[PDB]
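Here is how the chains run, residue by residue.
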Amino acid sequence: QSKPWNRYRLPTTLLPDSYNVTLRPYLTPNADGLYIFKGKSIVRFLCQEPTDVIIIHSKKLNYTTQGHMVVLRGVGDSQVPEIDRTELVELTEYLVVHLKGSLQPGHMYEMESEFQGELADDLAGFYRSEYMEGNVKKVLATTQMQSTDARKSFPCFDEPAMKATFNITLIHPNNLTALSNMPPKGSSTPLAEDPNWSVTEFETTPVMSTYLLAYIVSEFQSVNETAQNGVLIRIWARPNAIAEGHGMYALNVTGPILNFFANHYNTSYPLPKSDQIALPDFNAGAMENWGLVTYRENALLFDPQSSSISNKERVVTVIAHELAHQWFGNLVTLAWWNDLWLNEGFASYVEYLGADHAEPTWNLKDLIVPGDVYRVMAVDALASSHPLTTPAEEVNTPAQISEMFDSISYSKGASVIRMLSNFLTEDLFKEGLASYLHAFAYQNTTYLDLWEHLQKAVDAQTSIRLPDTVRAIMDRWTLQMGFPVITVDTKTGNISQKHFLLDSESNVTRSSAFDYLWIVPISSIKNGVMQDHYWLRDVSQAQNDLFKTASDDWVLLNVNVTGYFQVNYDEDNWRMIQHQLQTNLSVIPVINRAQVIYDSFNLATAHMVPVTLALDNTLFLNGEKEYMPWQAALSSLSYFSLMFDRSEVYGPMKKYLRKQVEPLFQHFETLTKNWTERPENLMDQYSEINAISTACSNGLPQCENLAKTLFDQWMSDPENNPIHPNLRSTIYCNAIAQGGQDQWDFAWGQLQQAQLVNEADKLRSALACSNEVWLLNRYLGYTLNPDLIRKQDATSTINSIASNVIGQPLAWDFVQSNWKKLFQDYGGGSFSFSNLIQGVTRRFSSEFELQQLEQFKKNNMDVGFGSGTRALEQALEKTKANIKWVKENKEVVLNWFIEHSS
Amino acid sequence: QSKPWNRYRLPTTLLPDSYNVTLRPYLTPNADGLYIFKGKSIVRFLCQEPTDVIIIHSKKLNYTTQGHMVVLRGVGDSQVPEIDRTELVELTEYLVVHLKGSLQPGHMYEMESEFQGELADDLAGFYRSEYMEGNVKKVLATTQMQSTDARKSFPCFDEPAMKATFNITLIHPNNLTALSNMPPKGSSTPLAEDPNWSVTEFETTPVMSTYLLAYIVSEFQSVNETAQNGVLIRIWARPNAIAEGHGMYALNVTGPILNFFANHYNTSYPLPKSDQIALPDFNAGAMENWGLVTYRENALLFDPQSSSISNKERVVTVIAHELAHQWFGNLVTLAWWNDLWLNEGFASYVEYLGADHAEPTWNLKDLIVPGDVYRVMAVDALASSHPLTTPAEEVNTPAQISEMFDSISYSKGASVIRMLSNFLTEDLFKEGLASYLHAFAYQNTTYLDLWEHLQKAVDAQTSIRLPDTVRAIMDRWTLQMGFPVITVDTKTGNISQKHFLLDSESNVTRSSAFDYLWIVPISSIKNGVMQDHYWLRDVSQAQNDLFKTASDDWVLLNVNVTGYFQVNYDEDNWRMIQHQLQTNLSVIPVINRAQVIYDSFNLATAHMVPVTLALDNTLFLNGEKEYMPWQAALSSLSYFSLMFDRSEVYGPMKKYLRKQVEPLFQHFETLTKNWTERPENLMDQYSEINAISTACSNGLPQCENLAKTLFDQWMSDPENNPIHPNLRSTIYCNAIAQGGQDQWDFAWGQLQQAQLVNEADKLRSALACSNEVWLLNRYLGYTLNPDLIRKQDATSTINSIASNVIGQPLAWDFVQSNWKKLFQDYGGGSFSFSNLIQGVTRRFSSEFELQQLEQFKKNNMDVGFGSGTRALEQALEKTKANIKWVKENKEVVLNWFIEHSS
Amino acid sequence: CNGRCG
Amino acid sequence: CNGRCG
Ligand SMILES: *[C@@H]1O[C@H](CO)[C@@H](O[C@@H]2O[C@H](CO)[C@@H](O)[C@H](O)[C@H]2NC(C)=O)[C@H](O)[C@H]1NC(C)=O
Ligand SMILES: *[C@@H]1O[C@H](CO)[C@@H](O[C@@H]2O[C@H](CO)[C@@H](O)[C@H](O)[C@H]2NC(C)=O)[C@H](O)[C@H]1NC(C)=O
Ligand SMILES: *[C@@H]1O[C@H](CO)[C@@H](O[C@@H]2O[C@H](CO)[C@@H](O)[C@H](O)[C@H]2NC(C)=O)[C@H](O)[C@H]1NC(C)=O
Ligand SMILES: *[C@@H]1O[C@H](CO)[C@@H](O[C@@H]2O[C@H](CO)[C@@H](O)[C@H](O)[C@H]2NC(C)=O)[C@H](O)[C@H]1NC(C)=O
Ligand SMILES: *[C@@H]1O[C@H](CO)[C@@H](O[C@@H]2O[C@H](CO)[C@@H](O)[C@H](O)[C@H]2NC(C)=O)[C@H](O)[C@H]1NC(C)=O
Ligand SMILES: *[C@@H]1O[C@H](CO)[C@@H](O[C@@H]2O[C@H](CO)[C@@H](O)[C@H](O)[C@H]2NC(C)=O)[C@H](O)[C@H]1NC(C)=O
Ligand SMILES: *[C@@H]1O[C@H](CO)[C@@H](O[C@@H]2O[C@H](CO)[C@@H](O)[C@H](O)[C@H]2NC(C)=O)[C@H](O)[C@H]1NC(C)=O
Ligand SMILES: *[C@@H]1O[C@H](CO)[C@@H](O[C@@H]2O[C@H](CO)[C@@H](O)[C@H](O)[C@H]2NC(C)=O)[C@H](O)[C@H]1NC(C)=O
Ligand SMILES: [Zn+2]
Ligand SMILES: [Zn+2]
């Protein structure tokens with residue numbers, strides 16, 4: 001009985017067939033500095049059920065249509081009812097056309113409108129972006145429709161399943177270039193009413209979703225290539241970026257990635273061209289618009305001269321991720337936002353596969369484990385987590401839709417899909433994947449459709465046998481939150497599962513239909529030899545001889561952490577794994593060498609092993625040369641450093657880390673020919689970066705020596721930076737720490753003239769490493785000056801200063817003191833008080849510091865705390881948990897480091 | 001009508017003639033750990049006026065006399081009245097003997113008592129002192145009567161004018177030594193009631209004051225010498241101290257100092273022997289008991305191997321000071337405590353003369369200027385100051401008497417007496433001094449008696465002419481507080497005086513009978529040539545051509561700062577003095593090179609010159625080799641460092657000081673033959689100490705180099721410390737700052753085994769120089785542990801940590817956090833919250849820090865703040881004054897240092 | 001979208 | 001006395 005225009009979901013009575021859309025951005029503002037765009041559209045739709053109302057989305061559009069807000073016509077010889085009135089309903093973002101009679105099923109109608117909106121600098125819908133070319137401020141027009149902003153650019157049935165073809169036309173200044181999803185139909189032609197403008201028409205899109213449309217007017221230039229099949233590939237950027245060669249790496253990898261996916265998906269790339277564009281400051285990162293993918297510049301462009309290898313890794317993975325969607329997400333589209341996790345989780349997994357194809361020597365696939373698996377496990381091991389799936393009827397408003405785009409959706413999505421591919425086998429997974437894409441091309445699906453297609457492939461073969469249906473298995477991993485710890489007693493081979501929470505005193509109140517039991521694929525290795533695969537059924541406890549060991553035998557579960565779970569053992573089997581790692585580490589796969597560390601520190605947090613057992617698992621690192629296990633140790637120990645770097649625990653901690661890292665430092669010293677040439681592949685470059693960072697930050701004299709020499713050498717010849725980009729962040733930081741105002745002032749001058757964001761970021765970060773109080777305070781004083789520190793870098797800089805053990809009280813005092821830069825930083829920018837608060841309070845671990853934080857909060861009465869309001873409550877609760885952890889752990893940890901630092 | 005026993009001053013009706021006193025300390029406590037002494041005394045006194053009451057002092061004595069508390073007899077054939085009753089009146093510290101009839105004028109009486117008191121560890125009266133000899137705890141008995149504690153050891157007429165002879169006997173364990181003012185009469189004899197004890201009787205003292213008595217029972221040993229006139233000189237100390245040779249320097253200087261004073265005073269040393277004794281932890285410093293001077297050990301003993309030159313200076317000056325009193329104070333005694341300033345001020349001046357005699361190459365006399373003159377001017381340039389003189393009738397209670405012993409009495413006393421000697425001439429001063437001592441030997445005086453004798457010498461010659469009587473001149477300097485700034489306009493030769501206050505907004509409410517006008521002796525030098533002497537009369541303004549300059553001429557007043565005043569000039573004459581100092585500094589006496597600095601920074605504080613003019617007066621220091629002017633700069637600038645060392649001002653400040661000190665550092669480097677041999681005389685050694693300290697603390701790479709090399713060398717050979725004691729405090733501190741836990745732990749081990757207080761102090765101080773937060777916090781954690789840091793060193797150590805710019809917030813947090821070590825440190829020791837508060841809050845100069853301090857004070861409700869209660873109010877007011885000064889000065893000072901650091 | 005999405 | 005006196 002509620003009126004349909006007060007419901008958030010569209011009626012199903014009318015479905016779109018095709019749209020004409022003409023947009024005209026005005027890149028010169030009016031007298032008051034208002035920028036607008038104008039548009040005209042015609043939507044052709046079909047009546048499925050009789051209705052006397054048309055409901056279509058519209059947001060922030062003013063209508064200038066002759067008569068009512070629309071004109072309505074019948075297609076062919078269909079009669080059309082007269083319009084009664086048109087109204088806009090802001091809450092549900094609709095244009096509502098009330099008719100004097102009913103539309104008729106089977107008939108098609110055309111609805112024409114003319115409209116205009118602000119071309120705002122708001123990164124939503126059709127919007128403007130401003131950037132500098134030297135003396136000059138440039139302004140371009142571009143789009144971001146995802147999720148519910150297509151309706152902010154033209155009236156449309158703005159739900160992803162309501163697919164249609166689109167004929168786009170841009171009217172633009174005649175010396176600019178216009179781009180959209182499809183190629184232009186031909187040359188631009190002059191606008192007859194004013195030939196300073198031109199008209200660019202684009203070929204008709206395939207049937208597609210509104211959230212994937214894009215159109216862009218700019219001065220950008222491209223580098224290009226024509227693939228063997230005739231697909232034109234272009235990378236677009238600012239003219240100066242193109243001329244500097246910054247588009248080349250993206251161009252290099254794009255062809256191979258597209259080829260890999262066409263093969264992987266058993267489906268031709270569905271469009272005639274691929275454009276990718278680098279936009280200055282695009283806050284969303286990247287967006288997979290079909291045929292015209294947008295990226296933040298620094299994510300797509302690459303400067304070999306000044307960029308690190310991790311930087312390069314980001315380019316190729318971000319590209320692989322977006323290109324993945326050109327089939328999965330765009331060709332076959334999930335019917336509703338509640339299934340976003342499947343689209344984003346799938347892309348978040350297969351980005352590693354596409355990237356690996358482009359860079360096959362880098363072993364990129366391994367990176368999903370620290371990058372996504374352990375990352376998301378940190379938040380999925382909380383009582384406040386949520387299942388991957390959400391009922392569709394609970395996801396209605398644009399705010400509810402936006403909440404779907406979180407860590408769980410992307411990273412747990414990737415993790416469980418990777419698991420599924422693995423227990424299926426890739427070949428079988430790819431077979432059902434192809435079957436799904438072929439059956440649903442240009443249509444819409446739910447996750448159940450993918451499971452059904454995977455089930456079809458399973459049922460068509462005899463080799464891979466499952467303990468249940470694909471759906472029943474995946475239901476355990478998608479309908480309930482969290483994941484299990486699998487615990488093995490190797491004396492008996494008994495194996496158990498329970499819902500893993502980091503906080504052992506947590507009360508879980510979200511109920512599960514499965515009582516937090518999973519069906520779990522368990523690979524295992526015994527004395528370095530793969531064993532037969534095992535499935536744990538939906539039981540708390542089971543037994544198998546696979547997990548039963550002889551006294552000199554060791555067993556280890558979840559090879560390469562393909563399964564979304566963590567593993568604990570009895571202490572004896574732990575000691576055996578330890579012995580192995582100490583005596584021949586190569587017998588255990590590198591990812592599992594990392595797993596042992598990752599898992600045991602989490603288990604210690606949850607009180608399932610002693611903290612000393614986790615520490616014991618780092619003892620092998622003195623002989624470890626590879627990236628991942630060292631990364632596991634460093635990630636798991638940053639909290640220890642945060643908690644203890646002001647205490648008597650720190651001496652022995654640093655001493656221990658120096659001992660462990662010295663042989664690695666030495667190794668690279670020789671391997672790199674005295675640091676003159678980098679290791680060859682990515683993982684080894686990453687290992688070297690970490691080794692140097694660890695050596696320097698823990699006070700290894702030989703690392704300090706290297707940093708001073710290199711920075712001294714740079715200062716004596718500023719135009720020839722002798723420091724490879726991989727090593728800059730450490731070398732800069734350590735040399736600044738060791739030096740005084742000469743190094744600091746030099747780095748400041750370098751910062752002030754840096755042209756490249758990444759180099760500027762490293763300098764800003766390294767400037768916070770000074771051990772002079774006065775330089776840190778002077779630096780803090782600069783953070784609020786937009787002439788010296790960009791406002792968008794202010795909080796990040798303060799946090800870097802806070803990270804310095806000496807800068808901790810300076811930053812904290814500065815923040816409390818200047819808190820009333822909130823009455824000048826909520827309505828004129830965001831700032832991010834939230835991140836600032838977290839950063840500056842991160843160390844707090846005493847009742848004394850807790851009392852201070854409470855007293856600061858007592859500037860309540862007015863001022864409040866805007867967008868980090870509770871980023872302050874979180875700080876109080878975090879500090880309490882820190883006080884408690886430090887109290888339980890201080891003694892034990894102290895004595896362990898003393899005991900193990902020689 | 002008030003009863004005389006309720007009045008604080010004794011009657012004048014009875015005067016003592018002579019005393020017998022026998023004291024017996026019991027160095028073994030009873031079962032409950034109570035130590036006592038027993039005594040018996042007989043006082044013979046004469047009746048001047050009839051009275052039926054005897055009032056004598058007694059404090060904390062229990063009487064065990066047969067009958068009443070005393071027995072009273074007539075001398076010779078005098079009858080005596082019967083006693084009615086005896087009572088003790090605690091408030092006024094009297095024993096009151098009420099008689100049944102009157103004593104008769106002209107008759108002598110003997111009053112006998114037997115008594116006992118606690119031999120407490122309270123440093124007052126006859127008291128015990130505990131110290132270790134290895135495994136063993138030793139206990140000795142010693143005395144401190146000054147001011148009103150003779151009455152705590154035996155009943156006596158305990159006022160300094162009531163002089164008498166004393167026959168002392170000590171009853172003591174037979175294997176210990178007994179000492180008193182006079183030599184023993186002969187060998188000790190066994191106590192017949194228990195021959196484990198012996199009896200030592202001493203020769204009769206001269207007529208003397210009760211506050212100068214002493215007697216000591218100990219295991220101490222001596223080194224000795226017999227002077228040419230037969231006076232036996234001995235230095236007494238712990239057996240181990242004597243055997244290590246620590247008594248030798250004191251012995252070396254004592255003979256020459258006694259000879260100098262006998263000549264200076266034109267009066268033979270009035271006793272047959274001189275004993276001086278080094279007591280462990282004697283909190284009063286030194287006490288001039290006639291024939292038996294007591295010192296804190298570390299003030300009398302000297303270890304050449306480990307002691308600095310400043311250390312040596314302290315020994316010889318402290319000895320000269322105490323020996324000075326053996327005539328001035330002890331032979332002629334000021335009648336009442338209100339004239340304490342004359343006794344202590346005189347000794348505080350002539351200590352430099354006696355010491356100079358013993359060390360004639362050291363130029364010690366100059367040291368009174370920074371040591372006493374400018375020191376006391378800091379507190380005498382306050383509205384809250386007080387005149388040297390106090391009416392005798394306002395000084396009654398023991399607390400009122402104790403207030404006489406302050407900086408004004410000692411240091412302004414010294415300053416004005418030095419002035420007086422100078423304008424008289426030493427020869428004439430010494431003539432009246434002799435006349436005074438000869439006229440009043442063994443009697444009592446007031447300051448007016450000295451003036452009268454000086455006037456007699458003036459009147460007996462024709463050379464020195466004064467503008468008024470000695471008394472009228474000295475009245476200006478003794479009856480009103482403070483001192484004038486003398487201001488000269490050299491264009492006209494106009495000269496003015498006004499009462500100088502550091503705070504130009506201060507209201508002076510203490511009235512002066514002279515309207516804060518003085519009669520002022522003014523020496524002057526013009527273009528490096530002495531001019532005729534001038535006296536400014538009691539006028540605000542005068543004119544003389546002595547002070548009128550030609551445009552290229554300069555004039556400078558108060559040669560060697562013999563006058564107790566500061567001097568300002570017009571800017572032109574300042575610039576001329578500056579030019580001179582830059583072009584040939586040697587034309588201006590070294591003390592005046594310092595004066596220009598001292599005076600101008602004070603004038604800047606009081607807003608009489610710009611702060612940049614004071615700074616301008618340091619520009620000459622790059623060519624200055626001598627101690628004093630550099631000391632003036634360093635003293636005047638420590639506040640600038642305190643205020644600015646966390647701010648953007650510090651870089652340019654350090655840069656400026658590096659520039660100024662480098663040529664001096666270089667000079668000593670060559671002069672000392674690469675730091676292998678010290679400069680010859682004291683002032684140059686002091687200059688070298690300061691140069692190194694300044695170079696190192698301001699970051700001169702060559703100083704840091706030296707410190708690291710020397711400490712590295714020490715660490716490689718711990719038993720052979722290669723660092724001369726003069727340089728240790730800097731070298732230790734800088735090397736610890738540069739290093740990490742290796743240097744810190746090494747210095748900590750050295751501290752834990754140090755046998756010598758002075759070396760332990762330097763280590764404790766240097767340990768606070770670490771630039772590692774964690775080491776500073778670990779160190780702070782040690783301060784409350786008596787096993788690691790003596791309680792008496794706790795607050796001092798925390799303050800050293802606070803002095804470190806990095807240790808500032810750590811110490812402040814520690815103090816706030818641990819403030820509830822007040823409910824464990826007021827009744828079990830003092831601690832000195834006062835000094836702690838001052839030290840930790842010393843830097844505060846922002847509204848933010850002021851708010852923190854207020855919030856800390858808000859742990860008011862209970863706990864309070866004991867003995868530093870207001871040392872907290874002072875902190876609030878000081879911080880406000882700091883906020884204000886920093887606000888007015890920051891910009892100007894910043895730009896001056898930038899401008900002058902090249 | 002990838003990065004900061006809504 | 002000299003030093004800390006009363
Ligand atoms: C859309 O229409 C609205 C309302 O007509 C415009 O907003 C108004 O602008 C006027 C004049 O600039 C101001 O007085 C008001 O602030 C606005 N009125 C209301 C009711 O909000 C808006 O600018 C139009 N937008 C475009 C792109 O043309
Ligand atoms: C894009 O690919 C090309 C071709 O493989 C890479 O070109 C090489 O660049 C390196 C580094 O300067 C030179 O050693 C070679 O001479 C180049 N090879 C060829 C065939 O030209 C290029 O480096 C790639 N760009 C990026 C950013 O990775
Ligand atoms: C889709 O996959 C199919 C099935 O595997 C591919 O077709 C096979 O291609 C190979 C290549 O020579 C032939 O030998 C097989 O006989 C083919 N099988 C069938 C059933 O035709 C096909 O090439 C893939 N298509 C795309 C577009 O990738
Ligand atoms: C959403 O997707 C479904 C497919 O999963 C579409 O339904 C199919 O439509 C095709 C071709 O138009 C028919 O041949 C099939 O029989 C349909 N399959 C069904 C109903 O399961 C559906 O049309 C899409 N929804 C919208 C609004 O386009
Ligand atoms: C002096 O006399 C007083 C009082 O007779 C003694 O102090 C008393 O000691 C007793 C027993 O030790 C305790 O009950 C009390 O604490 C004290 N009583 C009073 C009234 O204070 C004191 O010890 C005597 N002193 C000496 C040196 O003999
Ligand atoms: C006490 O005086 C003596 C005699 O003047 C000083 O003795 C000299 O000591 C130095 C330093 O070791 C040697 O160079 C000389 O050989 C000694 N001279 C004589 C005559 O023995 C002694 O140093 C003085 N003590 C102190 C602590 O200053
Ligand atoms: C006290 O000072 C007097 C007076 O100056 C000293 O006596 C003089 O001593 C010299 C030494 O030879 C004689 O030449 C003079 O004739 C003496 N004058 C008189 C008046 O006697 C005396 O030596 C000093 N006494 C002491 C104890 O220091
Ligand atoms: C305090 O000192 C004065 C001297 O300033 C003493 O008075 C003198 O006593 C002597 C010798 O005993 C007489 O010959 C003088 O005539 C006195 N001079 C005077 C009275 O000015 C006085 O006795 C001392 N007071 C005490 C209590 O001893
Ligand atoms: Zn994506
Ligand atoms: Zn004295």
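Structure determination for this PDB entry is given in the record as X-ray crystallography, at a resolution of 1.95 Å.

The PDB entry annotates chain A as Aminopeptidase N of Sus scrofa. In its Subcellular location section, UniProt records this for chain A: "Cell membrane".

A word on the overall build of chain A
Regarding its fold elements, chain A presents 27 helices and 31 strands. Against the globule reference of 29 Å for 902 residues, chain A gives a C-alpha radius of gyration of 29 Å, in line with a compact fold. C-alpha extents for chain A along the principal axes are approximately 90 × 70 × 65 Å. Counting only residues that meet the buried cut, chain A has 59% of its 902 residues in that class. Counted over contacts in chain A with a minimum sequence separation of 6, partners at least 24 positions apart contribute 71%.

Quick look at the site of ligand 8
Residue and element names in this part refer to chain B. Close to ligand 8 lie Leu15, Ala161, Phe440, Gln443 and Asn444, which account for all nearby residues. Within the backbone of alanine 161, an N or O atom sits 3.4 Å from an oxygen atom of ligand 8. Within the side chain of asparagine 444, a nitrogen or oxygen atom sits 2.3 Å from an oxygen atom of ligand 8. Out of a free accessible area of 590 Å², ligand 8 has 34% covered by protein chains.

Regarding the interface of chain D and chain B
Of the residues lining the interface, six residues belong to chain D; the matching set on chain B comes to 17 residues. Taken together, the two surfaces of chain D and chain B that pack against each other cover about 830 Å², and 39% of this comes from carbon and sulfur. Interface area lost by chain D to chain B is led by D:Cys1, D:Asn2 and D:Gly6, which between them contribute 73%. Summed over the shared surface of chain D and chain B, the number is zero salt bridges. Inspection of the region where chain D meets chain B yields eight residue pairs in polar contact. Class assignment of the residues belonging to the side of chain D that touches chain B gives a composition of two nonpolar, three polar and one charged.

Comments concerning helix α18 (residues 701-715) of chain A
Residue and element names in this part refer to chain A. Between the first and last C-alpha of α18 there are 21 Å, a value that for 15 residues agrees with the 21 Å anticipated at 1.5 Å per step. Listing the buried residues of α18 in full gives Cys703, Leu706, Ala707, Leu710, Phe711 and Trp714. Take α18 and look down its axis: the buried residues cluster within an arc of 115°, on one side only. Structurally, α18 contributes buried residues whose contacts are with α16 (650-671), α17 (682-697), α19 (728-738), α20 (741-753) and α21 (757-767).

Observations regarding the sheet that holds strand β29 (residues 541-543) of chain A
Residues and elements named next belong to chain A. With respect to topology, four strands assemble into an open sheet ordered β29-β24-β23-β31, the strand pairing being mixed. The two strands at the open ends of the sheet, each matched to only one other strand, are β29 and β31 (566-569). Across the sheet, the axes of successive neighbouring strands diverge by a mean angle of 25°, strand direction being ignored. The sheet contact formed by strand β24 (residues 494-499) and β29 spans three bridges and is antiparallel. The residue of β29 that forms the bridge with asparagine 494 is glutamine 543.

Some details on the relation of the copies chain A and chain B
Turning chain A through 180° and shifting it by 0.0 Å along the axis lays it on chain B, with an RMSD of 0.0 Å. This pairing of chains is accounted for by a two-fold axis. The fraction of interface residues of chain A whose copies in chain B are also interface residues reaches 100%, indicating that both copies meet through the same surface.

A look at the arrangement of the chains
For the three pairs of chains in contact, the maximum contact count is reached by chains A and B. Contact between chain A and chain D is absent, and the least distance between their C-alpha atoms amounts to 37 Å. Nowhere do chain C and chain D come into contact; their C-alpha atoms are at least 70 Å apart.

Quick look at the coordination of the zinc ion (ligand 9)
All names here are of chain A. The zinc ion (ligand 9) binds to the protein through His321 (NE2), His325 (NE2), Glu344 (OE) and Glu344 (OE), with metal-donor distances spanning 2.0 to 2.7 Å. Seen from the zinc ion (ligand 9), its four donor atoms lie at angles of 52 to 152°, and the figure they make is irregular. Every donor residue of the zinc ion (ligand 9) comes from the same chain, spaced as H-x3-H-x18-E.

Thoughts on the interface of chain A and chain B
Opposite the 24 residues of chain A that make contact, chain B presents 24 residues. Approximately 1800 Å² of surface area, both sides summed, lies buried where chain A meets chain B, with 63% of it carried by carbon and sulfur atoms. Among the residues of chain A in contact with chain B, A:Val773, A:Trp774 and A:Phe848 are the three that bury the most area, contributing 31% of the side total. The interface formed by chain A and chain B holds two salt bridges in total. For A:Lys654, the salt bridge goes to B:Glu772, with nearest N and O atoms at 3.7 Å. Looking at the side of chain A that touches chain B, the elements with two or more residues in it are α16, α22 (773-782), α24 (807-818) and α26 (847-857) of chain A. Across the side of chain A that touches chain B, the residue classes tally to eight nonpolar, nine polar and seven charged.

Remarks on the coordination of the zinc ion (ligand 10)
All names here are of chain B. Protein coordination at the zinc ion (ligand 10) comes from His321 (NE2), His325 (NE2), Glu344 (OE) and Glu344 (OE), with a distance range of 2.0 to 2.7 Å. Around the zinc ion (ligand 10), the four donor atoms are arranged such that angles at the metal cover 52 to 152°; this shape is classified as irregular. Going along the chain, you hit the donors of the zinc ion (ligand 10) in the pattern H-x3-H-x18-E. Of the two residues, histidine 325 is situated in the loop between α4 (309-324) and β21 (332-334) and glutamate 344 in helix α5 (residues 340-358); the sequence distance between them amounts to 19 residues. Assessed through its relative accessible area of 0%, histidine 325 is described here as buried.

What counts, and where the lines are drawn
- Residues numbered from 1 in each chain as written, not as in the entry; some residues may be left out.
- Chains lettered and ligands numbered in written order.
- Heavy atoms only, no water.
- UniProt positions renumbered as here; feature names shortened; annotations may be inferred.
- Helix = DSSP H or I, 4+ residues; strand = E, 2+ residues; numbered from the N terminus.
- Rg over C-alpha atoms; globule rule 2.2 N^0.38 Å.
- Buried < 20%, exposed > 50% of the residue type's maximum accessible area, 1.4 Å probe, protein only.
- Contact = heavy atoms within 4.5 Å.
- Near = heavy atom within 4 Å.
- Polar contact = N/O pair within 3.5 Å; in protein donor to acceptor, adjacent residues only side chain to side chain.
- Areas by Shrake-Rupley, 256 points an atom, 1.4 Å probe, with all protein chains shown as cover.
- Buried area = accessible area lost by both parts, 1.4 Å probe.
- Salt bridge = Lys/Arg side-chain N within 4 Å of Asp/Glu carboxyl O.
- Nonpolar A, V, L, I, M, F, W, Y, C, P; charged D, E, K, R; others polar.
- Expected span 1.5 Å × (residues − 1).
- Arc of directions from axis to C-beta.
- Pairing = 2+ DSSP bridges.
- Axes fitted to C-alpha atoms, helices over the stretch in contact; angles between N-to-C directions.
- Least-squares fit on C-alpha atoms.
- Donors = N, O, S within 2.8 Å, 3.2 Å for Na, K, Ca; no water.
- Tetrahedral: all angles 85-135°; square planar, octahedral: opposite > 155°, others 65-115°.

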